[PDB]
>>> print(open('final-v5.pdb').read())   # PDB, C-alpha atoms
ATOM      1  CA  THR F2034       0.000   0.000   0.000  1.00  0.00           C
ATOM      2  CA  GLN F2035       2.954   2.367   0.300  1.00  0.00           C
ATOM      3  CA  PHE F2036       3.916   1.611  -3.237  1.00  0.00           C
ATOM      4  CA  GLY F2037       0.282   2.144  -4.081  1.00  0.00           C
ATOM      5  CA  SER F2038       0.262   5.624  -2.614  1.00  0.00           C
ATOM      6  CA  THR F2039       3.633   6.411  -4.123  1.00  0.00           C
ATOM      7  CA  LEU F2040       2.458   5.373  -7.537  1.00  0.00           C
ATOM      8  CA  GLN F2041      -0.680   7.383  -7.276  1.00  0.00           C
ATOM      9  CA  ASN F2042       1.358  10.446  -6.374  1.00  0.00           C
ATOM     10  CA  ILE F2043       3.649   9.875  -9.326  1.00  0.00           C
ATOM     11  CA  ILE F2044       0.752   9.560 -11.648  1.00  0.00           C
ATOM     12  CA  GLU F2045      -0.954  12.699 -10.485  1.00  0.00           C
ATOM     13  CA  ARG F2046       2.323  14.554 -10.624  1.00  0.00           C
ATOM     14  CA  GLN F2047       3.066  13.178 -14.089  1.00  0.00           C
ATOM     15  CA  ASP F2048      -0.219  14.518 -15.361  1.00  0.00           C
ATOM     16  CA  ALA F2049       0.383  17.889 -13.710  1.00  0.00           C
ATOM     17  CA  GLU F2050       3.681  18.168 -15.536  1.00  0.00           C
ATOM     18  CA  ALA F2051       2.049  17.358 -18.825  1.00  0.00           C
ATOM     19  CA  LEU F2052      -0.482  20.072 -18.251  1.00  0.00           C
ATOM     20  CA  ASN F2053       2.053  22.723 -17.489  1.00  0.00           C
ATOM     21  CA  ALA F2054       3.909  21.911 -20.678  1.00  0.00           C
ATOM     22  CA  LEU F2055       0.638  22.064 -22.600  1.00  0.00           C
ATOM     23  CA  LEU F2056      -0.281  25.410 -21.208  1.00  0.00           C
ATOM     24  CA  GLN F2057       3.055  26.943 -22.071  1.00  0.00           C
ATOM     25  CA  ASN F2058       2.890  25.632 -25.599  1.00  0.00           C
ATOM     26  CA  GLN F2059      -0.555  27.120 -25.961  1.00  0.00           C
ATOM     27  CA  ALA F2060       0.669  30.445 -24.695  1.00  0.00           C
ATOM     28  CA  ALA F2061       3.325  30.491 -27.377  1.00  0.00           C
ATOM     29  CA  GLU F2062       0.718  30.051 -30.081  1.00  0.00           C
ATOM     30  CA  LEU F2063      -1.387  32.925 -28.865  1.00  0.00           C
ATOM     31  CA  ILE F2064       1.645  35.173 -28.718  1.00  0.00           C
ATOM     32  CA  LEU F2065       2.458  34.424 -32.320  1.00  0.00           C
ATOM     33  CA  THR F2066      -1.051  35.386 -33.294  1.00  0.00           C
ATOM     34  CA  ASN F2067      -0.783  38.576 -31.261  1.00  0.00           C
ATOM     35  CA  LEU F2068       2.434  39.466 -33.053  1.00  0.00           C
ATOM     36  CA  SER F2069       0.616  39.254 -36.378  1.00  0.00           C
ATOM     37  CA  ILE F2070      -2.115  41.469 -34.990  1.00  0.00           C
ATOM     38  CA  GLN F2071       0.388  44.037 -33.821  1.00  0.00           C
ATOM     39  CA  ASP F2072       2.021  44.085 -37.250  1.00  0.00           C
ATOM     40  CA  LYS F2073      -1.306  44.930 -38.793  1.00  0.00           C
ATOM     41  CA  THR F2074      -1.749  47.700 -36.224  1.00  0.00           C
ATOM     42  CA  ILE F2075       1.557  49.168 -37.316  1.00  0.00           C
ATOM     43  CA  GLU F2076       0.489  48.934 -40.962  1.00  0.00           C
ATOM     44  CA  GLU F2077      -2.788  50.635 -40.044  1.00  0.00           C
ATOM     45  CA  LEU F2078      -0.907  53.564 -38.626  1.00  0.00           C
ATOM     46  CA  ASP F2079       1.215  53.765 -41.760  1.00  0.00           C
ATOM     47  CA  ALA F2080      -2.011  53.797 -43.769  1.00  0.00           C
ATOM     48  CA  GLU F2081      -3.179  56.761 -41.638  1.00  0.00           C
TER      49      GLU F2081
ATOM     50  CA  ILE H2179     -11.481  92.743 -71.047  1.00  0.00           C
ATOM     51  CA  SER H2180     -13.237  93.130 -67.692  1.00  0.00           C
ATOM     52  CA  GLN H2181     -15.910  90.703 -68.832  1.00  0.00           C
ATOM     53  CA  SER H2182     -13.275  88.239 -70.000  1.00  0.00           C
ATOM     54  CA  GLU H2183     -11.375  88.599 -66.728  1.00  0.00           C
ATOM     55  CA  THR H2184     -14.569  88.113 -64.777  1.00  0.00           C
ATOM     56  CA  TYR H2185     -14.913  84.759 -66.428  1.00  0.00           C
ATOM     57  CA  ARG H2186     -11.259  83.925 -65.788  1.00  0.00           C
ATOM     58  CA  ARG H2187     -11.675  84.716 -62.115  1.00  0.00           C
ATOM     59  CA  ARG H2188     -14.817  82.632 -61.937  1.00  0.00           C
ATOM     60  CA  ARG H2189     -12.867  79.777 -63.502  1.00  0.00           C
ATOM     61  CA  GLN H2190     -10.129  80.132 -60.894  1.00  0.00           C
ATOM     62  CA  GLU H2191     -12.679  79.848 -58.121  1.00  0.00           C
ATOM     63  CA  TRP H2192     -14.094  76.742 -59.756  1.00  0.00           C
ATOM     64  CA  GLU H2193     -10.619  75.312 -60.121  1.00  0.00           C
ATOM     65  CA  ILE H2194      -9.961  75.667 -56.452  1.00  0.00           C
ATOM     66  CA  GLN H2195     -13.260  74.143 -55.506  1.00  0.00           C
ATOM     67  CA  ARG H2196     -12.848  71.187 -57.864  1.00  0.00           C
ATOM     68  CA  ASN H2197      -9.351  70.738 -56.467  1.00  0.00           C
ATOM     69  CA  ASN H2198     -10.740  70.616 -52.988  1.00  0.00           C
ATOM     70  CA  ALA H2199     -13.121  67.884 -54.080  1.00  0.00           C
ATOM     71  CA  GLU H2200     -10.229  66.194 -55.851  1.00  0.00           C
ATOM     72  CA  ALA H2201      -8.221  66.076 -52.682  1.00  0.00           C
ATOM     73  CA  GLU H2202     -11.177  64.605 -50.812  1.00  0.00           C
ATOM     74  CA  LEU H2203     -11.382  61.911 -53.454  1.00  0.00           C
ATOM     75  CA  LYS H2204      -7.840  60.838 -52.752  1.00  0.00           C
ATOM     76  CA  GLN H2205      -7.912  61.186 -48.966  1.00  0.00           C
ATOM     77  CA  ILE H2206     -11.001  59.047 -48.855  1.00  0.00           C
ATOM     78  CA  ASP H2207      -9.262  56.231 -50.653  1.00  0.00           C
ATOM     79  CA  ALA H2208      -6.426  56.382 -48.221  1.00  0.00           C
ATOM     80  CA  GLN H2209      -9.070  56.150 -45.469  1.00  0.00           C
ATOM     81  CA  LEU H2210     -10.694  53.168 -47.167  1.00  0.00           C
ATOM     82  CA  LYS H2211      -7.288  51.553 -47.309  1.00  0.00           C
ATOM     83  CA  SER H2212      -6.561  52.139 -43.616  1.00  0.00           C
ATOM     84  CA  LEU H2213      -9.966  50.731 -42.887  1.00  0.00           C
ATOM     85  CA  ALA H2214      -9.203  47.667 -44.949  1.00  0.00           C
ATOM     86  CA  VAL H2215      -6.091  47.157 -42.846  1.00  0.00           C
ATOM     87  CA  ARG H2216      -8.132  47.640 -39.693  1.00  0.00           C
ATOM     88  CA  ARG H2217     -10.559  45.037 -40.948  1.00  0.00           C
ATOM     89  CA  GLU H2218      -7.782  42.564 -41.513  1.00  0.00           C
ATOM     90  CA  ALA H2219      -6.493  43.169 -38.009  1.00  0.00           C
ATOM     91  CA  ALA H2220      -9.991  42.424 -36.749  1.00  0.00           C
ATOM     92  CA  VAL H2221      -9.960  39.224 -38.817  1.00  0.00           C
ATOM     93  CA  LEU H2222      -6.777  38.197 -37.087  1.00  0.00           C
ATOM     94  CA  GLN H2223      -8.468  38.953 -33.743  1.00  0.00           C
ATOM     95  CA  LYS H2224     -11.130  36.461 -34.814  1.00  0.00           C
ATOM     96  CA  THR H2225      -8.362  34.009 -35.633  1.00  0.00           C
ATOM     97  CA  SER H2226      -6.946  34.507 -32.141  1.00  0.00           C
TER      98      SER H2226
END
>>> encode(input="final-v5.pdb", output="structure tokens")
Amino acid sequence: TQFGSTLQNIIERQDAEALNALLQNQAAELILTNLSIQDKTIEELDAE
Amino acid sequence: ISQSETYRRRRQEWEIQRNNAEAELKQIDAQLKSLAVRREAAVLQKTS
């Protein structure tokens, strides 16, 4: 039962790690989109 | 001569007023173009 508890903790921790990696990858994608948006903003000002 | 000059002066006034309209017709396109850019930025916001 101690191995049982240890394993459960590893599993929950393993999943937590996977989530943090997922969230950071997702953040990177939104930033790239935001960079494209900002470029258009700059072009808009040049158009003005 | 004064009658001929009267018509020349009238023409000059018309030239200025058509030129004012002419400028508006170019500024407006530049505004349509900045709007088009603004629209594309909004499209990217939808993409985000």
>>> residues_around(input="final-v5.pdb", residues="residue 2074 (chain F)", least_positions_apart="4", cutoff="10 Å", atoms="all atoms listed in the file", output="PDB file with C-alpha atoms, keeping the file's coordinate frame")
ATOM      1  CA  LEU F2068       2.434  39.466 -33.053  1.00  0.00           C
ATOM      2  CA  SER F2069       0.616  39.254 -36.378  1.00  0.00           C
ATOM      3  CA  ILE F2070      -2.115  41.469 -34.990  1.00  0.00           C
ATOM      4  CA  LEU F2078      -0.907  53.564 -38.626  1.00  0.00           C
ATOM      5  CA  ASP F2079       1.215  53.765 -41.760  1.00  0.00           C
ATOM      6  CA  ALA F2080      -2.011  53.797 -43.769  1.00  0.00           C
TER       7      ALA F2080
ATOM      8  CA  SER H2212      -6.561  52.139 -43.616  1.00  0.00           C
ATOM      9  CA  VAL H2215      -6.091  47.157 -42.846  1.00  0.00           C
ATOM     10  CA  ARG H2216      -8.132  47.640 -39.693  1.00  0.00           C
ATOM     11  CA  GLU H2218      -7.782  42.564 -41.513  1.00  0.00           C
ATOM     12  CA  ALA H2219      -6.493  43.169 -38.009  1.00  0.00           C
ATOM     13  CA  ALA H2220      -9.991  42.424 -36.749  1.00  0.00           C
TER      14      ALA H2220
END
>>> resolve_selection(input="final-v5.pdb", expression="the ChimeraX specification (/F :<12) & /H", output="PyMOL selection string")
chain H and resi 2205-2226
>>> atom_distance(input="final-v5.pdb", atom1="CA of residue 2182 (chain H)", atom2="CA of residue 2198 (chain H)")
24.6 Å
>>> atom_distance(input="final-v5.pdb", atom1="CA of residue 2204 (chain H)", atom2="CA of residue 2190 (chain H)")
21.1 Å
>>> axis_aligned_box(input="final-v5.pdb", around="region 2054-2073 of chain F", padding_each_side="8 Å", output="JSON")
{"center_x": 0.9, "center_y": 33.4, "center_z": -29.7, "size_x": 22.0, "size_y": 39.0, "size_z": 34.1}
>>> atom_distance(input="final-v5.pdb", atom1="CA of residue 2045 (chain F)", atom2="CA of residue 2060 (chain F)")
22.8 Å
